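Read through the structure below, which is laid out as C-alpha cells, and then see the notes.
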Amino acid sequence: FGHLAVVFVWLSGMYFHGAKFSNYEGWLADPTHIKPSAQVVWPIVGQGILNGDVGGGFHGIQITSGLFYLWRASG
Amino acid sequence: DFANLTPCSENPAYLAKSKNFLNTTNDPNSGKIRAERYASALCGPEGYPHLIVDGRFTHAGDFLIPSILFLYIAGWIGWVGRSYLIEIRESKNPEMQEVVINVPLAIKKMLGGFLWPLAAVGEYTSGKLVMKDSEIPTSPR
Amino acid sequence: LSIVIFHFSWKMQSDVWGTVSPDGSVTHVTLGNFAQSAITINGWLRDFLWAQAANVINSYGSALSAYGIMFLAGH
Amino acid sequence: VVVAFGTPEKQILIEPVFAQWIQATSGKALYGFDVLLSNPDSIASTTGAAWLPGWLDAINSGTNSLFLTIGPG
Amino acid sequence: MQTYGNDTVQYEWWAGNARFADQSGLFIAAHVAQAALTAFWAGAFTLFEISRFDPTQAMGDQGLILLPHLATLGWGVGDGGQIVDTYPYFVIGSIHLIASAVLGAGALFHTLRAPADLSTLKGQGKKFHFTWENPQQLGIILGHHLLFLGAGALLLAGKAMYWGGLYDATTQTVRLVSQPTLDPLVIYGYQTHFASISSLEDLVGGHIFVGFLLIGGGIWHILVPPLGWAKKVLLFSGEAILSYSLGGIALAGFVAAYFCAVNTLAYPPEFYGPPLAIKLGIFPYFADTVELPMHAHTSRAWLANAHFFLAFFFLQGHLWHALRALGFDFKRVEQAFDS
Amino acid sequence: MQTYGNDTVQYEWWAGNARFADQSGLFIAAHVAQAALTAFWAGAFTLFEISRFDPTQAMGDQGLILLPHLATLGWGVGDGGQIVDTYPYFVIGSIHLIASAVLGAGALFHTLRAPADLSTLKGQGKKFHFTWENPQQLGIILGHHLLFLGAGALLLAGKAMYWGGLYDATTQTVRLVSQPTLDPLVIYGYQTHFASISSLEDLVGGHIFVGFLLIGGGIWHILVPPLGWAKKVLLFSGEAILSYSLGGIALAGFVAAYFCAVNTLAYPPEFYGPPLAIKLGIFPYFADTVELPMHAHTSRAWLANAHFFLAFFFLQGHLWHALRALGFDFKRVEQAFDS
Amino acid sequence: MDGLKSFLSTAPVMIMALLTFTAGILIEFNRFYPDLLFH
Amino acid sequence: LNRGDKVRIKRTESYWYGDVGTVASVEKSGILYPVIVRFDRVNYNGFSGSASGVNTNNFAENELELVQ
Amino acid sequence: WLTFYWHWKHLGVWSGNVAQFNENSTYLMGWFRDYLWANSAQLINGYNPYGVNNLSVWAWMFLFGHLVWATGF
Ligand code: CLA
Ligand code: CLA
Ligand code: CLA
Ligand code: CLA
Ligand SMILES: CC1=C(/C=C/C(C)=C/C=C/C(C)=C/C=C/C=C(C)/C=C/C=C(C)/C=C/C2=C(C)CCCC2(C)C)C(C)(C)CCC1
C-alpha cells in the first residue's frame, strides 16, 4: 500500500506536469510540428539553456516518456 | 608580466564574444553584467578569463579572497564537527548521538564556530587540539 | 540488454525509421548500414557507437547539453 | 557544465604561472617574465656561456617541442 | 592589570604583553620601542615615498601621505603649490630615523641592563617606579606628558609664527602668519564649525590656546594629586587607565578621520585631493569625489578611511579593556551558553 | 516569567533572555541596549540613505524609508517635494547615532557597574527596583513612560505650530499650523475615517488631544496605583505584562501599516510612492497601483507590508506569552499528540 | 511527538535538511548575484 | 590492578595497542593472561557484515601501562 | 592521462592548431570529443565494408585491445 502511494504520487506528478508545465494543449493542435515537453527548468547558473525550442514558443525539456501520446489516446 | 595574456577590455576575441553572452538567470541583462565583470580579468587568445593564482594582490580576488572565504567556512565546518564530537563523547551513549544528532547541542556549537581560528589557536596552545603519540591507537608496525 | 537495445537502435534507424519521399520512396536515418556493418564489431564500433554519439558530444551549448553532461556522468 | 550551459567564459582557467616562470628562467620570453635567462641583464645570461645563443634561439623558435607554450588546459 | 583575584596569573604567549604590566622597567622598554617603531615609520616611509615621488604628477594621486603632511607645514613648496625641494623631506625623514635608533637603543637598554622592576633600582629609577594603584604617582606621569604635548602645540605655533611659515591653501603659497587670535570667544565658537575653519590665523591661535591649556593642565597634574572625586568615579587599574586612553584616542581618531576628509585648510586639495564625500554602506567610508580609476584612492581616502577603522577598532579595544577593568571575566559568556 | 510551579526553572541558551527576568538591574541593561540598537538604526540608516539618495528620481521609488519620514516632518524639502538640503537629514542621523553610543555606554553600565538586582544597593536605586508582583511600582513606571510618550506627541504639536511646520501634501508646501482643530467632537468623529485624513490642522489637533491624554493619564498612574478591579482581571506577572505590550504593539503595528498604505497626508505620494491597494492572496498584502520596474517596490509598499508581517508575528508572540501567563504549559501540545 | 522529534533529528534527515539549506543559500546567491568567477 | 582500573595496552599485536581500556576482572588462579580488560571501542572481530566486534580481551600484567 | 596529454598537445603542435588544445582541454568533453572521438576516425576506418588501408592492423589491434581489457574484468 505504501509502495502504491509512491507510484500514485509519481503518477500524479506526471499529470500535474502535463497540466501545468507542458505544451500539451499546444501539442494537441499540431502533433506533427510541436515536440512534446512537460518539464520546465528554472533559470539558474546557465541551466535555462536546456529549455529548448520544442515548437509553438514553448521552452522546456523535450520529454520522451510518451505521456502526450498516452493522453491523446485517453482523450 | 603575462605578455601572452591581454586584458579582456583590449582582447578582440573576448570583445566579439561578450556581445553574445547568454543569460544565466531570469534577468535579461545577465550576459551584459557578466560582460562588464569579466572585462577586468586577463584573457587568453580565445577571449576567456584566465585567472592568476601566484599571489599577486592585483589578482587577489582570483584566488586569495576565494581562499580566505573558503578556509573560514571549511574551518567552521571542521571545528564545530570536532567540538560536537568531543562533547557527545563524554555522555552515557556517545554512539547514538552521531546517528541521532542532539540538534540543540549542534546549533549551540555551530553558531559558536564563527570564532573558530581563535579557538583553534587557543586549543593548540592548551594541548587539547593535538594528542600525544603515546596516547593514540597504533598499528603493529 | 545493452546489445538488445543497440540492436534495436541500429536496426530501426538503418532499416525502419527515416523520411518519406512524396512518391513513396524512403531514405533512412543511417542509410541502411545494418546489412553490411552490424556483422562486424568494428562496424558496431564505427557506424553505431562512433557515428551516432556525434549528437551527444556536439550537444554542448544547446538544449541537449544535459545529455552531453549525463553521458560523461555515466562514464 | 559551464561550457555545456553555453557559458565557456565562466570556466575556471588557471594559468600555470609557476611552470611558465620556470620556462622563463630557462630563456623563454613568451610570457613576459624577465627573470634569469629571459632577462638579458641578469648574471645568468651576462656570463657568456657558449650554450646561450644556441639555446635561446631554440627555446624561442616555437617550431620545436623544447619548451612548449602552456596554458590552463 | 586585571587579575580577577588570582595573584598568580601566568598568561599565554598570545597574551604575553600582559606579563610586564606590573613591571615598571619593562613597561618603559616596550613603550620606548613603540616610539622607536613609530619614529622609524616616520623616518623610513618619508624616505620611502620621496623615492617614489613624481614631481610632475600631484602627490595626492600618487598615494603618498607623509610628504603632504610636511608640505602643509611649508617645506619644499614653491610659489605655486608644487614641490621643488626634495631636501627638507630628506632631512626630517633622516632626523626621525636617527632618533628611532636612539629610541631603539634605549628600549634594549631598559630590556637588558635596566631592572625589570624599578623599585629594585636605587637613585632616580626608584622615583620613576610607578604602581597602578598609586594615583599621586600617575598624575606626575600624566602632567609631564601634558607638558610635552603642550610644548608640541606651541612649537607648531612657533613654527608658523617665527620658525618658518605655514602653507596657505587659499592663496596657494607658504605664508608666515603674524599675530594670531587672542579672544577666547572665537575658539569657543569653533566647537560648531571645527572642520570648516579655513583660517591659518585662527588655527595657530587655537594651537596657542590649547598649547597654553595643556601646559597649564600639566602644571596642575604635577603639583596637585588626584582630589578624591576622580578616585570615586574612575577606576585606577592598569587596564582601566588603558581603557580611558583607548577611548580617548578613538575619539581623536574619529575626529581626525572626519577632519581629513572635509577640511581644505589643514589638508589642501593640491597636496591631498578633493574633499571626500561622507558615504556609508555596510561600513562608513569617505569616498573619492573625483573617483580616480584603477583603485587609486588619492591619499586622503587612505588617511580618512584608515583612521576611522583604527578608531573603531580602538573603540572596540576600549570596550574590551573597560569590560575587563570593571570585572567581566569574558569566560562567563561561554558558561552562559553551556547546559 | 512563568515557572509553572517549578520555582527554579533553568532556561537554556536559546531561551537565555528569560534568565534576567525578575532581575531589575539586568532588565535595564537589555532594554537600554535595545534603545541603543534602535537609535543606531535610526542614525545609521539615515546616513546610509543619504549616501544612496539621488534627487533625479523620487524617494519612494529608490527604497528610502527614513528620509521621507523627515521630509514629511518638514526639514529637507525646498518646494514641491524637491529634496534640496540634505544637511538636516545628516544632523538627525548623527544626533541619533551619537545618542546610540550614549545609550550603548549606559547599557554596559547596568551590566557591570550596577548589580543584577537593584534591591542590593541603597540610595535612589532601591526605588528603581521593581518586582513583577508589585502593582504599585509598575504603575509608577507606566506613568512616567506615558509622560514621555505624551510629551513626544506634544513635541509634534510644537513642531508644526512653532518649529518650522509640517509638510502639507495638499498644497505641496511646508506650512506652520497656526489654527489646529481643538474640537473633541471632530476628533471623536475620526475614529471611523482615520484613514482618509487630509487636514494638517486636524492631524496636529488630534496629536494635542492624545498628547494631553497620555500626560493626563501619566499623572494618573503615578499618583494612583492600580485598583482592585484591575488586579482581578489583569495578571500582574512577568510574562503577562509583556503579553499586554505585545498585543498593544501588534495593534499599533496593524494601524501603522494601514496608515502607511492608504493615507496621502501623513504619507505624501511624492515621498513614499502612490497609495497602495489592500490586496489579499493567502495573506493580506498591500500592493502598488503602478508596477515599479526591475521587480522593485515603492517605499510605501515596503513599510506597510513589513509592518503587517511584523504585527502579525507580534500578535502571534502575544498569543505565545498570554497562554504562558495564563498557565498553558505548551508541552501539552506534545502530550496531546503523544496520547 | 517526542519520537517524531528524534526521527527528524536523525542523521539522514538532518543532512538532507542542511544540504537543502546549503543549496537554498547557493542557488539564491547565484540568482541575485550570478556569474561570479572571481571577486 | 583492581576492577575499574584504567590501563593502556602495550601488547603490540592487539587491536587496542595504544588505546585505553578498563580492567573488568583479574583472575587469581595462575592464569597466563589473568586481567580482563573492557574497551569502549570494539575490534574488527566477527564475520563480514557484522555491525559490532568484541570489547573484551584477557591480558597479563606486563602488557598494561597504568593510566589512571 | 599523461600520454593523452602528450599526444593531444603534440597533435596541435604538429598540425599548427595549438588553439584546438588550448580551447578544449580545460573541460573533459573536449578531451572526449576533440581528442578521443575525433582522432579515432581514421583508426576505425582502417577497414570498412568499402575496403582496407594501412591502418587495418591498427584497427584490428585497437579492438583486440578492447577485448583483452574487457576479458580482464
Ligand atoms: C594601544 C593599544 C592597546 C594596548 C596597549 C593593549 C594591550 C594589551 N591587550 Mg589589547 N586591544 C586593543 C588595544 C590595546 N591593547 C585593541 C586594538 C583591541 C581590539 C582588537 C584589543 C583587544 C584585546 C584582546 C582581545 C586581548 C587584549 C589583551 C591585551 C594584552 C596582551 C596582548 C598581546 O600580548 O598582544 C600580542 C599580539 C598579538 C598576538 C598579535 C595579534 C595580531 C592581530 C591578530 C592582527 C592585528 C594587526 C593587523 C595585521 C592589522 C594591522 C593594520 C595596520 C597595518 C594599519 C595587553 C594588556 C589580551 C588580554 O586581555 O590580556 C590581559 C586579550 O586577550 N587586547
Ligand atoms: C611592539 C612590539 C612589542 C614590544 C616592544 C614587546 C615588548 C615586550 N614583550 Mg612582547 N610580544 C609582542 C610584541 C611586543 N612585545 C607580540 C606581537 C607578541 C605575540 C607573539 C608578544 C608576546 C610576548 C611574550 C610571549 C612575552 C613578551 C614579553 C615582552 C618583553 C620581552 C623583553 C623583556 O622584558 O626582557 C625580559 C624578559 C624575560 C626574562 C622573559 C621573556 C623572554 C623574551 C625576551 C620574550 C620576547 C618575546 C618576543 C617579544 C616576541 C616577538 C613578537 C614580535 C615582535 C615578532 C618586552 C617588554 C615577555 C614578558 O613580559 O616577560 C616578562 C613575555 O614573556 N612578549
Ligand atoms: C518585544 C518582544 C518580545 C519580548 C521582550 C520577548 C521575550 C522573550 N520571549 Mg518572545 N516572542 C515575541 C516577542 C517577544 N518575546 C514574538 C514576536 C514571538 C513570535 C515569533 C515570540 C515567541 C516566543 C517563543 C516561541 C519563545 C519566546 C520566549 C522568549 C524569552 C526568551 C527569548 C530568547 O532568549 O530568544 C533568543 C532569540 C533567539 C534564540 C533567536 C530565535 C531565532 C529566530 C528564528 C530569529 C528570527 C529571525 C527573523 C527573521 C529576524 C528578521 C526580522 C525582520 C528584519 C525580517 C523571553 C522572555 C521563549 C519562552 O518560552 O520563554 C522562556 C520561547 O521559546 N518568545
Ligand atoms: C569481452 C569480455 C569477456 C569475455 C571474452 C569473457 C568470456 C567468457 N565469459 Mg565472461 N565476464 C565478463 C567479460 C568477458 N567474458 C565480465 C566483465 C564479467 C564479470 C562480471 C564476466 C563474468 C562471467 C561469468 C559470471 C560467466 C561468464 C562466462 C564466460 C564464457 C562465455 C561462454 C563462452 O565460452 O563463450 C565462448 C567464448 C567467447 C565468446 C570468448 C571469445 C572467444 C573467441 C571468439 C575465440 C578465440 C579463440 C582463439 C581463436 C584460439 C586461441 C588462440 C591461440 C593462439 C591461443 C567465456 C569464457 C560464463 C561461462 O563460463 O559460461 C560457460 C559465466 O558463467 N562471464
Ligand atoms: C624592546 C624589545 C623589542 C622591540 C624592539 C624594537 C622592535 C625596536 C625597533 C628598533 C629600531 C627599528 C630602531 C631603529 C634603528 C634604525 C636603523 C638601524 C636605521 C639604519 C639607518 C641609518 C642609521 C642611516 C640611514 C641613512 C640616512 C639617515 C641618510 C641617508 C643615508 C642612509 C640611508 C645611510 C622586541 C620586540 C624585539 C623584543 C623584546 C624587547
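FYI, nothing fancy with the C-alpha cells labels: chains A, B, ... in order, residues from 1 per chain, ligands from 1 as they appear.
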
Could you list the residues in chain D lying within 7 Å of chain I, using only C-alpha atoms, and format the result as a ChimeraX atom specification?
/D:71-73

Close residues to ligand 1 using only C-alpha atoms and all ligand atoms, limit 8 Å, as a VMD selection string
chain E and resid 1 to 2 11 13 to 18 21 239 242 245 to 246 306 310 313 to 318 320 to 321 324

For the residues in the current selection, export N, CA, C and O atoms as an mmCIF file, in the first residue's frame.
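The file below, result-v2.cif, is the result:
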data_model
loop_
_atom_site.group_PDB
_atom_site.id
_atom_site.type_symbol
_atom_site.label_atom_id
_atom_site.label_comp_id
_atom_site.auth_asym_id
_atom_site.auth_seq_id
_atom_site.Cartn_x
_atom_site.Cartn_y
_atom_site.Cartn_z
ATOM 1 N N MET E 1 46.782 45.829 35.822
ATOM 2 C CA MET E 1 46.341 44.632 35.120
ATOM 3 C C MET E 1 45.285 43.882 35.924
ATOM 4 O O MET E 1 45.480 43.603 37.106
ATOM 5 N N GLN E 2 44.165 43.562 35.279
ATOM 6 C CA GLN E 2 43.091 42.838 35.944
ATOM 7 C C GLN E 2 43.465 41.372 36.101
ATOM 8 O O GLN E 2 43.782 40.693 35.120
ATOM 9 N N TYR E 11 49.545 33.812 32.083
ATOM 10 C CA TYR E 11 49.342 34.379 30.743
ATOM 11 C C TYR E 11 50.030 33.574 29.645
ATOM 12 O O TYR E 11 51.193 33.183 29.769
ATOM 13 N N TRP E 13 51.215 32.937 25.446
ATOM 14 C CA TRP E 13 52.046 33.709 24.531
ATOM 15 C C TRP E 13 51.247 34.714 23.713
ATOM 16 O O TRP E 13 51.798 35.751 23.330
ATOM 17 N N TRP E 14 49.974 34.431 23.425
ATOM 18 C CA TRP E 14 49.161 35.391 22.688
ATOM 19 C C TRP E 14 48.779 36.585 23.550
ATOM 20 O O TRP E 14 48.566 37.680 23.023
ATOM 21 N N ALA E 15 48.693 36.398 24.865
ATOM 22 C CA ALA E 15 48.553 37.498 25.808
ATOM 23 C C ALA E 15 49.852 37.762 26.557
ATOM 24 O O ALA E 15 49.822 38.113 27.740
ATOM 25 N N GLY E 16 50.995 37.597 25.887
ATOM 26 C CA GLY E 16 52.286 37.708 26.542
ATOM 27 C C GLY E 16 52.678 39.121 26.906
ATOM 28 O O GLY E 16 53.558 39.313 27.750
ATOM 29 N N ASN E 17 52.042 40.120 26.298
ATOM 30 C CA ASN E 17 52.305 41.507 26.650
ATOM 31 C C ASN E 17 51.678 41.909 27.976
ATOM 32 O O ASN E 17 52.002 42.979 28.497
ATOM 33 N N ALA E 18 50.789 41.088 28.529
ATOM 34 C CA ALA E 18 50.192 41.359 29.826
ATOM 35 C C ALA E 18 51.105 40.992 30.986
ATOM 36 O O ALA E 18 50.772 41.301 32.135
ATOM 37 N N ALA E 21 52.872 44.202 32.850
ATOM 38 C CA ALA E 21 52.032 45.347 33.191
ATOM 39 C C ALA E 21 52.265 45.824 34.620
ATOM 40 O O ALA E 21 52.046 47.002 34.918
ATOM 41 N N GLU E 239 44.515 48.136 33.393
ATOM 42 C CA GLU E 239 43.670 48.093 32.211
ATOM 43 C C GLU E 239 42.608 49.180 32.217
ATOM 44 O O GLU E 239 42.000 49.438 31.175
ATOM 45 N N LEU E 242 44.368 52.225 30.610
ATOM 46 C CA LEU E 242 44.446 51.894 29.192
ATOM 47 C C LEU E 242 43.085 52.023 28.516
ATOM 48 O O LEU E 242 43.007 52.393 27.339
ATOM 49 N N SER E 245 42.522 55.614 27.796
ATOM 50 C CA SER E 245 43.402 56.047 26.720
ATOM 51 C C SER E 245 42.908 55.550 25.372
ATOM 52 O O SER E 245 42.953 56.287 24.382
ATOM 53 N N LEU E 246 42.443 54.300 25.312
ATOM 54 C CA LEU E 246 41.897 53.761 24.071
ATOM 55 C C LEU E 246 40.581 54.428 23.705
ATOM 56 O O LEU E 246 40.280 54.597 22.522
ATOM 57 N N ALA E 306 41.481 54.907 6.965
ATOM 58 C CA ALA E 306 42.240 54.128 7.931
ATOM 59 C C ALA E 306 42.080 54.632 9.346
ATOM 60 O O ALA E 306 42.043 53.821 10.267
ATOM 61 N N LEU E 310 40.780 52.356 12.471
ATOM 62 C CA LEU E 310 41.693 52.272 13.597
ATOM 63 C C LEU E 310 41.123 52.962 14.828
ATOM 64 O O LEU E 310 41.480 52.611 15.957
ATOM 65 N N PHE E 313 38.298 50.210 15.833
ATOM 66 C CA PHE E 313 38.867 49.048 16.497
ATOM 67 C C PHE E 313 39.671 49.402 17.739
ATOM 68 O O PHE E 313 40.048 48.493 18.484
ATOM 69 N N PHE E 314 39.946 50.682 17.990
ATOM 70 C CA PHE E 314 40.291 51.098 19.343
ATOM 71 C C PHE E 314 39.082 51.380 20.204
ATOM 72 O O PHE E 314 39.176 51.273 21.429
ATOM 73 N N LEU E 315 37.961 51.763 19.598
ATOM 74 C CA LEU E 315 36.720 51.830 20.353
ATOM 75 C C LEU E 315 36.275 50.437 20.767
ATOM 76 O O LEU E 315 35.722 50.253 21.854
ATOM 77 N N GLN E 316 36.522 49.439 19.916
ATOM 78 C CA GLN E 316 36.320 48.057 20.330
ATOM 79 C C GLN E 316 37.384 47.624 21.326
ATOM 80 O O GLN E 316 37.114 46.794 22.199
ATOM 81 N N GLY E 317 38.596 48.165 21.204
ATOM 82 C CA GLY E 317 39.637 47.859 22.167
ATOM 83 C C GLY E 317 39.449 48.564 23.489
ATOM 84 O O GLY E 317 39.882 48.061 24.529
ATOM 85 N N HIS E 318 38.828 49.743 23.470
ATOM 86 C CA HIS E 318 38.437 50.391 24.714
ATOM 87 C C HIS E 318 37.344 49.600 25.415
ATOM 88 O O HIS E 318 37.350 49.478 26.643
ATOM 89 N N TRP E 320 36.886 46.361 25.155
ATOM 90 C CA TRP E 320 37.417 45.100 25.658
ATOM 91 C C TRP E 320 38.085 45.291 27.009
ATOM 92 O O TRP E 320 37.967 44.438 27.893
ATOM 93 N N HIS E 321 38.785 46.404 27.190
ATOM 94 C CA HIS E 321 39.556 46.609 28.404
ATOM 95 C C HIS E 321 38.747 47.241 29.519
ATOM 96 O O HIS E 321 39.019 46.969 30.693
ATOM 97 N N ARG E 324 37.016 44.457 30.973
ATOM 98 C CA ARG E 324 37.962 43.707 31.790
ATOM 99 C C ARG E 324 38.289 44.443 33.082
ATOM 100 O O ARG E 324 38.446 43.814 34.132
#

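Residues from chain G found within 9 Å of chain B are residues 6, 7, 8, 9, 10, 11, 12, 14, 30, 31, 32, 34, 35, 36, 37, 38 and 39 of chain G, counting only C-alpha atoms.
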
Save the residues we just selected, C-alpha atoms, as a short mmCIF file (atom, residue, chain, number, x, y, z; two decimals), in the first residue's frame?
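For reference, selection22.cif as written:
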data_model
loop_
_atom_site.label_atom_id
_atom_site.label_comp_id
_atom_site.auth_asym_id
_atom_site.auth_seq_id
_atom_site.Cartn_x
_atom_site.Cartn_y
_atom_site.Cartn_z
CA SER G 6 14.01 12.15 17.30
CA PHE G 7 13.25 10.94 13.76
CA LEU G 8 13.56 14.50 12.46
CA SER G 9 16.89 14.72 14.33
CA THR G 10 18.26 11.54 12.72
CA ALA G 11 21.38 11.57 10.55
CA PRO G 12 19.59 11.19 7.14
CA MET G 14 19.47 16.47 9.30
CA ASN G 30 23.65 32.75 -7.70
CA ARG G 31 20.18 34.00 -8.65
CA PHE G 32 20.50 37.58 -7.36
CA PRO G 34 25.14 35.26 -10.73
CA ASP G 35 28.27 34.68 -12.76
CA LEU G 36 30.89 35.24 -10.03
CA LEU G 37 34.10 33.70 -11.39
CA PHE G 38 36.30 35.91 -9.19
CA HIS G 39 35.97 38.64 -6.60
#

Strand (DSSP E) positions in region 33-67 of chain B, given as JSON, numbers by chain
{"B": [42, 43, 49, 50, 51]}

Print the selection's residues with N, CA and C atoms to a file, as an mmCIF file, in the first residue's frame.
data_model
loop_
_atom_site.group_PDB
_atom_site.id
_atom_site.type_symbol
_atom_site.label_atom_id
_atom_site.label_comp_id
_atom_site.auth_asym_id
_atom_site.auth_seq_id
_atom_site.Cartn_x
_atom_site.Cartn_y
_atom_site.Cartn_z
ATOM 1 N N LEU B 42 42.170 38.883 -16.963
ATOM 2 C CA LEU B 42 43.157 38.667 -18.010
ATOM 3 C C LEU B 42 42.668 37.550 -18.919
ATOM 4 N N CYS B 43 42.643 37.816 -20.219
ATOM 5 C CA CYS B 43 42.093 36.888 -21.192
ATOM 6 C C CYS B 43 43.192 36.322 -22.079
ATOM 7 N N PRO B 49 38.352 34.459 -19.513
ATOM 8 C CA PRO B 49 39.171 34.963 -18.395
ATOM 9 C C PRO B 49 40.077 33.886 -17.815
ATOM 10 N N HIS B 50 41.382 34.126 -17.895
ATOM 11 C CA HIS B 50 42.387 33.261 -17.296
ATOM 12 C C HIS B 50 42.782 33.844 -15.948
ATOM 13 N N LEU B 51 42.654 33.045 -14.896
ATOM 14 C CA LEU B 51 42.874 33.526 -13.540
ATOM 15 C C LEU B 51 44.330 33.341 -13.133
#

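The closest residue to chain C, picked from B:7, B:21, B:48, B:85 and counting only C-alpha atoms, is B:21.
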
So that I can check the surroundings of region 43-52 of chain D, please list as a list in words every protein, DNA and RNA residue that reaches within 12 Å of it, counting only C-alpha atoms and ignoring chain neighbours fewer than 6 positions away.
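Once the adjacent positions are removed, what remains is residues 25, 26, 27, 28, 34, 35, 36, 37, 58, 59 and 60 of chain D.
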
Please write out the residues within 10 Å of ligand 2 as number ranges by chain, counting only C-alpha atoms and all ligand atoms.
E: 10-38, 104, 107-108, 110-116

Near residue 6 (chain C), within 12 Å and counting only C-alpha atoms, which residues show up once chain neighbours fewer than 2 positions away are dropped, as a VMD selection string?
chain C and resid 1 to 4 8 to 14 34 38 44 to 45 47 to 49 52

Take the selection from the previous step and output its residues with C-alpha atoms, as a short mmCIF file (atom, residue, chain, number, x, y, z; two decimals), in the first residue's frame.
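Output (part.cif):
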data_model
loop_
_atom_site.label_atom_id
_atom_site.label_comp_id
_atom_site.auth_asym_id
_atom_site.auth_seq_id
_atom_site.Cartn_x
_atom_site.Cartn_y
_atom_site.Cartn_z
CA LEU C 1 20.12 -5.95 -22.64
CA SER C 2 22.64 -3.39 -23.91
CA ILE C 3 23.10 -5.43 -27.08
CA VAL C 4 19.29 -5.78 -27.35
CA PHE C 8 17.06 -2.05 -31.62
CA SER C 9 18.65 1.39 -32.02
CA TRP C 10 20.63 0.46 -35.13
CA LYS C 11 18.03 -1.68 -36.96
CA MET C 12 15.31 0.96 -36.55
CA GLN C 13 17.48 3.84 -37.77
CA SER C 14 19.00 1.88 -40.66
CA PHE C 34 22.97 -2.56 -40.73
CA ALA C 38 26.36 -4.92 -37.99
CA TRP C 44 29.34 -1.63 -34.32
CA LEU C 45 32.24 0.48 -33.04
CA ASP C 47 28.97 3.05 -37.66
CA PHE C 48 26.88 2.67 -34.50
CA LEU C 49 28.86 3.83 -31.46
CA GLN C 52 25.58 8.09 -33.55
#

Would you return as a PyMOL selection string the members of region 1-61 of chain D that DSSP assigns to helix (DSSP H, G or I) on this structure's backbone?
chain D and resi 8-10+17-25+43-46+52-59

Please return as JSON, numbers by chain the residues found within 10 Å of ligand 4, counting only C-alpha atoms and all ligand atoms.
{"I": [64, 66, 67, 68, 69, 70, 71, 72, 73]}

N, CA and C atoms of the current selection, written as a PDB file, in the first residue's frame:
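The result, written out as out24.pdb:
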ATOM      1  N   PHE I  64      41.200  -5.479 -30.632  1.00  0.00           N
ATOM      2  CA  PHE I  64      41.811  -6.576 -29.891  1.00  0.00           C
ATOM      3  C   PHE I  64      42.140  -6.139 -28.475  1.00  0.00           C
ATOM      4  N   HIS I  66      40.587  -3.807 -26.824  1.00  0.00           N
ATOM      5  CA  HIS I  66      39.312  -3.698 -26.122  1.00  0.00           C
ATOM      6  C   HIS I  66      38.849  -5.047 -25.597  1.00  0.00           C
ATOM      7  N   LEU I  67      39.097  -6.109 -26.363  1.00  0.00           N
ATOM      8  CA  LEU I  67      38.668  -7.441 -25.962  1.00  0.00           C
ATOM      9  C   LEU I  67      39.487  -7.965 -24.792  1.00  0.00           C
ATOM     10  N   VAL I  68      40.808  -7.771 -24.829  1.00  0.00           N
ATOM     11  CA  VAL I  68      41.681  -8.260 -23.763  1.00  0.00           C
ATOM     12  C   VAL I  68      41.445  -7.478 -22.475  1.00  0.00           C
ATOM     13  N   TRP I  69      41.214  -6.170 -22.595  1.00  0.00           N
ATOM     14  CA  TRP I  69      40.940  -5.327 -21.436  1.00  0.00           C
ATOM     15  C   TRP I  69      39.606  -5.677 -20.788  1.00  0.00           C
ATOM     16  N   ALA I  70      38.592  -5.979 -21.595  1.00  0.00           N
ATOM     17  CA  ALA I  70      37.294  -6.357 -21.052  1.00  0.00           C
ATOM     18  C   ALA I  70      37.267  -7.795 -20.551  1.00  0.00           C
ATOM     19  N   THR I  71      38.098  -8.675 -21.117  1.00  0.00           N
ATOM     20  CA  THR I  71      38.198 -10.039 -20.604  1.00  0.00           C
ATOM     21  C   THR I  71      38.846 -10.063 -19.227  1.00  0.00           C
ATOM     22  N   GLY I  72      39.719  -9.093 -18.945  1.00  0.00           N
ATOM     23  CA  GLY I  72      40.293  -8.969 -17.619  1.00  0.00           C
ATOM     24  C   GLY I  72      39.281  -8.666 -16.549  1.00  0.00           C
ATOM     25  N   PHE I  73      38.237  -7.910 -16.902  1.00  0.00           N
ATOM     26  CA  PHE I  73      37.156  -7.559 -15.988  1.00  0.00           C
ATOM     27  C   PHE I  73      36.446  -8.792 -15.440  1.00  0.00           C
TER      28      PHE I  73
END

Could you tell me which residues of chain A sit within 10 Å of chain G when counting only C-alpha atoms, and give me the result as a list in words?
residues 43, 44, 45 and 46 of chain A

As an MDAnalysis selection string, please: the residues near region 30-41 of chain H (cut-off 7 Å, only C-alpha atoms, same-chain neighbours under 3 positions excluded).
chainID H and resid 21:27 55:60

Those residues with N, CA and C atoms, as a short mmCIF file (atom, residue, chain, number, x, y, z; two decimals), in the first residue's frame please?
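Once written, part-v7.cif looks like this:
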data_model
loop_
_atom_site.label_atom_id
_atom_site.label_comp_id
_atom_site.auth_asym_id
_atom_site.auth_seq_id
_atom_site.Cartn_x
_atom_site.Cartn_y
_atom_site.Cartn_z
N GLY H 21 41.90 1.10 28.11
CA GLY H 21 40.87 0.16 28.46
C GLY H 21 40.61 0.19 29.96
N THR H 22 39.54 -0.48 30.36
CA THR H 22 39.14 -0.55 31.76
C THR H 22 39.22 -1.99 32.23
N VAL H 23 39.89 -2.21 33.36
CA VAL H 23 40.04 -3.55 33.90
C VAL H 23 38.71 -3.99 34.50
N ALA H 24 38.16 -5.09 33.98
CA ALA H 24 36.89 -5.61 34.44
C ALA H 24 37.06 -6.62 35.57
N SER H 25 37.99 -7.56 35.40
CA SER H 25 38.26 -8.56 36.42
C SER H 25 39.69 -9.06 36.27
N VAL H 26 40.28 -9.45 37.40
CA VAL H 26 41.59 -10.10 37.44
C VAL H 26 41.40 -11.45 38.10
N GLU H 27 41.77 -12.52 37.40
CA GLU H 27 41.60 -13.87 37.90
C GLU H 27 42.81 -14.25 38.75
N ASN H 55 34.45 -6.18 22.76
CA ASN H 55 35.08 -5.11 23.52
C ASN H 55 35.89 -5.63 24.71
N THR H 56 36.14 -6.93 24.78
CA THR H 56 36.81 -7.53 25.92
C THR H 56 37.93 -8.44 25.46
N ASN H 57 39.05 -8.40 26.17
CA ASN H 57 40.17 -9.29 25.91
C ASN H 57 40.95 -9.48 27.20
N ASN H 58 41.59 -10.65 27.32
CA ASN H 58 42.36 -11.00 28.50
C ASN H 58 43.83 -10.67 28.28
N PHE H 59 44.43 -9.98 29.25
CA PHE H 59 45.82 -9.55 29.17
C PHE H 59 46.56 -10.00 30.42
N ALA H 60 47.87 -9.85 30.40
CA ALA H 60 48.72 -10.10 31.56
C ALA H 60 49.20 -8.78 32.13
#
